[PDB]
Amino acid sequence: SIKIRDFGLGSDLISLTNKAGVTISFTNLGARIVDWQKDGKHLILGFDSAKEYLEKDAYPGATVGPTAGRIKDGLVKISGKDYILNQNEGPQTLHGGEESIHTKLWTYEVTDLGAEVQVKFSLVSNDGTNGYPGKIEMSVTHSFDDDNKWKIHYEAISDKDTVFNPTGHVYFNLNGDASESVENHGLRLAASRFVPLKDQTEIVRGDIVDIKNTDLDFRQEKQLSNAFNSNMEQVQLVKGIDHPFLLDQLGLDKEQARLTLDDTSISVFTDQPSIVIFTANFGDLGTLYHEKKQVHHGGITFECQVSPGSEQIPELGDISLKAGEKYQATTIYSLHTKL
Amino acid sequence: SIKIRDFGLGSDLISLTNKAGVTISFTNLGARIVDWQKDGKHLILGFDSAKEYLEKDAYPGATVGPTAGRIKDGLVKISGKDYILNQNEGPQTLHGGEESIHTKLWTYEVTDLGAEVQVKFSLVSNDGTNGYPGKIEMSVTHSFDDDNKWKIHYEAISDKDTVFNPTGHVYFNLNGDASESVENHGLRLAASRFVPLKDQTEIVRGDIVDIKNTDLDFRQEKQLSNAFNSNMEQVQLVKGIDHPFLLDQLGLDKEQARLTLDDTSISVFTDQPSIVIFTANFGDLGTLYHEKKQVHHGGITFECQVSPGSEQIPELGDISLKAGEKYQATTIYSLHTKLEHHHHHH
Ligand SMILES: O[C@@H]1[C@@H](O)[C@@H](O)OC[C@@H]1O
Ligand SMILES: O[C@@H]1[C@@H](O)[C@@H](O)OC[C@@H]1O
Ligand code: NA
């Protein structure tokens, strides 16, 4: 079934329930996922109204872009030219700059295919917006099916050469409660390398590091507490994880990661080369989710995209988008329950 | 009463009814007026869904900006600096550029004050959007009261020195039918001068001309047909009216314009210096409004703003907005019945 309701400030909440009784819900405010629940338990973090996102934290569940992550000094080179983007975290451009696409109301259309239902959000980023050349016509399609698969499909076309590398910022918490650390979750991740951070500013350090046989090697399922209790300077630097992991094998058919808690597991698939993992290292911040005070490590992301820092480490890839080329990206979060 | 429902594409329709029974409705798509009815008759032009605006004509009833009108070659000078804005009409920047504010979903909140209901729409124009320095935090409040006054109040604050001069693009048609020309309406307008356009590109000619005693003189009420039938160069150039009229006396207290048909009148008040009047000179385009094919001259706007062309004619005003400085503008459209005797035939 599909249900639409006012979510506040003019935004809508679109809720989809599949044959299995699973419920996923989205909002046009930032083309974002608000909730995902089974047998009355939330699997992800989210608020109860649009206002909360705007007042508390606008990132959770959102489509962030045009470029996800931190860009050093807000500087990108486009066709040999330097461009300075909006700086909203010191001199860095973080998540597209201030008042970015995650804070705008996107238009949308719902398509019911029976076994699958799609919600297509659209937004136009005007040329020059936050320093980005455009116009960029963007669309993010969130779909949910009877097999419990939640798919995100991105598309974009720009009038001018520009940069483009968005991501979905959902935070998972299989505890179904923010006051509970995800340290008890087990994680498996098909990556043998990562990108270390320079320092507290979180810009990249400059190198690519082999993680095999370290507290961060999750090639084999392991409990998060491990990483969390690690003494690796990188863990100690951010007080958890807040890094880009490089996938060993690319392609949508490969399960790239898996988050497990008891009977319940989330599998991640993507056509992207990297997954940025952030473990809600907010300390005592205590953001309120459903009346529950969030704890340090009370969430974890799987931001699939081209690794941040390609400006300094070209091996990471290239986020350029040439005029007229069609950008496409796909990320899938599949839900399973052991019998 | 206040009612709300989805209007299409994720936009909403907000419908108000005052104690007199008059109904007016707005959409967050472009902080825009959708309809205004008296006794079941439309007083303005509008569509029945969001998609129509997007597919037919996205300007009607909309909030347009950040700068309303045409800017020659998209060139503005901001604090000694030259800036080129998005050019969407040939080399011209028309109504803020392509995919401007009238095309966005604004957030909003409704305030019920009893005799008055306010709908405040908000949007942020990011720094650099369409070439405009910012960021600009904007807000448009549309309100309707028991006295049948529909008021528009604009507010804005920029992080950087920029330009700002928005307007409301409603189209009136007291016939309540797009297929009926407004040549039968009576118009009274407190303006002695106008701004001629250079040519078909519609940029300003460069001079200000006195229109007293010509077919464009509406100081004393006259039928619109007088203008439409005129062979004055300016009328012929645009095939009707599409010009800024400079108000003779400024201030929100004064009735600047009055449009009448039979027993119905719409009065215009504003704190702005000019009113740009466009009479839907679309020829045979025939855009469908409620299944009625619109006729040439099937509508008239009263876009109150600082006149377009100030870039070339400094005398017109200055639309610059300094960083941190609060912009405010107020325009009011009031509805009246039997304000005067208007009994004509066409
Ligand atoms: O530092 C993290 C960033 O890496 C990402 O995960 O989004 C949230 C935080 O700002
Ligand atoms: O030419 C007119 C313009 O002057 C304004 O009134 O909006 C509609 C058309 O673009
Ligand atoms: Na809505």
Side-chain angles (χ1 to χ4, degrees), chain A residues 4-14 27-29 50 57-60 62 64 68-70 88-89 92 94-95 102 105 107-108 167-171 195 197 200-204 237-244 275-282 299-303 305 307-309, chain B residues 4-14 27-29 50 57-60 62 64 68-70 88-89 92 94-95 102 105 107-108 167-171 195 197 200-204 237-244 275-282 299-303 305 307-309:
Chain A
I4 298 165
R5 70 171 182 77
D6 188 325
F7 195 48
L9 294 172
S11 74
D12 276 340
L13 179 63
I14 306 96
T27 179
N28 60 328
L29 173 80
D57 178 359
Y59 290 119
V64 296
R70 291 177 176 84
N88 61 325
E89 196 194 51
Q92 267 56 252
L94 160 82
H95 298 326
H102 59 298
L105 285 168
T107 53
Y108 73 97
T167 201
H169 212 288
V170 60
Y171 284 89
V195 179
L197 307 185
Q200 42 357 93
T201 61
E202 289 151 301
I203 56 164
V204 307
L237 177 60
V238 304
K239 312 181 251 146
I241 313 173
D242 193 358
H243 295 80
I275 304 188
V276 168
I277 296 186
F278 165 69
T279 53
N281 315 325
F282 309 111
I300 180 159
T301 65
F302 294 94
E303 301 163 56
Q305 58 178 94
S307 174
Chain B
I4 306 188
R5 76 155 162 93
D6 54 296
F7 191 56
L9 304 175
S11 75
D12 284 344
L13 180 70
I14 298 108
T27 186
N28 58 325
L29 174 72
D57 179 0
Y59 292 112
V64 313
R70 299 173 168 88
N88 56 325
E89 194 197 58
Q92 265 68 255
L94 165 72
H95 296 328
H102 58 294
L105 288 169
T107 56
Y108 68 91
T167 195
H169 208 297
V170 62
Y171 282 93
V195 184
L197 308 186
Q200 111 225 66
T201 68
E202 297 184 3
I203 55 164
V204 301
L237 177 73
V238 309
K239 270 101 219 305
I241 316 178
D242 195 2
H243 297 77
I275 301 175
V276 173
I277 289 161
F278 173 53
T279 55
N281 307 324
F282 301 116
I300 181 174
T301 69
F302 296 97
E303 305 166 57
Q305 51 175 98
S307 172

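Every chain is numbered from 1 and lettered A, B, ... according to where its sequence line falls, protein lines coming before strand lines. First listed ligand is number 1; within each ligand, the first listed atom is number 1. These numbers come from the heavy atoms of this one structure, side chains and all, not from hydrogens, waters or symmetry mates.
If you number the atoms of ligand 1 from 1 as listed, the ones under 4.0 Å from a heavy atom of A:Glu202 come out as 1 (O). Residue contact check: B:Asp242 has heavy atoms under 4.0 Å from atoms 1 (O), 2 (C), 3 (C), 4 (O), 6 (O) of ligand 2.
Expressed to the nearest 10°, the angle at the Na ion (ligand 3) joining OD1 in A:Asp12 with OD1 in B:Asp12 is 170°.
The minimum heavy-atom distance between A:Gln200 and A:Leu237, with the atom names listed, is N-CD1, 4.0 Å.
Counting protein heavy atoms only, atom 9 (C) of ligand 2 is closest to B:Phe278 CE2, 4.0 Å.
Screening A:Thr27, A:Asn28, A:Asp12 for a side chain to side chain donor-acceptor pair (under 3.5 Å) involving A:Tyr108 leaves a single residue, A:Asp12.
Counting heavy atoms from C-beta outward, B:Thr279 and B:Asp242 have side chains that stay 4.5 Å or more apart.
Not a single N/O/S atom of B:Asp6, whether from backbone or side chain, sits less than 3.0 Å from the Na ion (ligand 3).
Note on ring orientation: taking the six-membered ring where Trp is involved, the planes of B:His169 and B:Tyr171 are tilted (angle from 30° to 60°).
Rounding to the nearest 0.5 Å places CD of A:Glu303 at 13.0 Å from NE2 of A:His243.
Distances from atom 6 (O) of ligand 2 to the heavy atoms of B:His95, B:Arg70, B:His169, B:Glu303 show the closest one on B:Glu303.
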